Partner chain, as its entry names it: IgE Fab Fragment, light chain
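First comes one chain, alone, set out as structure tokens in the form deposited without its partner chain.
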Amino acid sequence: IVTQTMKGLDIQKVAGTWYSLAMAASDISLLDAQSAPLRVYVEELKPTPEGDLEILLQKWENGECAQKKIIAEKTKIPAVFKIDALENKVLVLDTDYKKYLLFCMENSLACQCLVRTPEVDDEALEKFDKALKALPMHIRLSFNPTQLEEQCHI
């Protein structure tokens, strides 16, 4: 579905701290509750030497804000990674490395606007909303700076 990838992506430069400022999904039930399957809060990106992408995130599971480690394996396309499951692609749509990164995960579909700091970046949200115009989204969430500094954005 997603036909926006970052040309010339350098995966090593996305390493470090990120905040899930905004999230959108094709299906309300993917994001509606704290325990919703794609309500995931990114903490850190850890690209490996071989160019895989380790993801540290937080996810509400069985009443607690749990820490999870995901590995997204590189493909022939620098901006596309695969997670192992009962087959889920991560696409990097756009990043400036310093401030924002837009990504989508698709099997049904969820996208996030990541930012380096706990601040509302109007420029990153404009770019996120433009990228979503092309996509069939039915739920969109954004978080305030107080929530961004809390586990699972409470």
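Positions refer to the first chain, counted from 1.
Omitted here: the form deposited with its partner chain bound. The next part is about that form.
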Contact with its partner chain in the deposited bound form for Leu56, defined as at least one heavy atom pair within 4.5 Å: yes or no? yes
Give a yes or no for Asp52: in the deposited bound form, does one of its heavy atoms lie within 4.5 Å of a heavy atom belonging to its partner chain? no
Heavy atom to heavy atom, is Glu123 within 4.5 Å of its partner chain in the deposited bound form? no
Heavy atoms within 4.5 Å of its partner chain in the deposited bound form: does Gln67 have any? yes
Determine the residues of 114 to 151 with a heavy atom within 4.5 Å of its partner chain in the deposited bound form and present them in sequence order; the list may be empty. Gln151
